[PDB]
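Taking the form deposited in one PDB entry, here's one chain by itself in structure tokens.
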């Protein structure tokens, strides 16, 4: 798999871990190491892609780009969702976070179904373009 899928698979690896929302994920989630690494992995994912699409140009370009702006949104979504939780926690004064995490994890499962297909789609859309 080209540089971009390898990049996306690393994002997938870290997300799968976040999802478990174990106290350890929660620790680094509120320190925001989780969000910092999530954004570094998403960005490396968009370069290797940005570079792939551009270089597939040098040797249909709207949808491609409509499909790229999709996987983008999907990743920006996860990070934006994790950074929101962090926000809602340091403002609740230590009262229970279980319902906020039941919601975060549902939302997170939902974005996973999208990363799956929007990329599965982005892929066939890069193959035909070639």
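Residue numbers count along the first chain shown, from 1.
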{"query": "Gap size, residue 60 back to residue 59 (deposited sequence, no coordinates)", "finding": "10 or more"}
{"query": "Which of 90-98 and 23-31 has higher mean CA B factor, as the PDB entry lists it", "finding": "90-98"}
{"query": "Selected stretch [higher average CA B-factor]: 119-127 or 3-11", "finding": "119-127"}
{"query": "Top Cα B factor in the deposited entry, candidates 104, 40, 79, 67", "finding": "67"}
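One more form of this protein, deposited with a small molecule bound, exists but is not displayed; see below.
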{"property": "Residue 120: touches the small molecule in the deposited bound form, heavy atom cutoff 4.5 angstroms", "result": "yes"}
{"property": "4.5 angstroms heavy atom contact with the small molecule in the deposited bound form for residue 128", "result": "no"}
{"property": "Touches the small molecule in the deposited bound form: residue 12 (any heavy atom, 4.5 Å)", "result": "yes"}
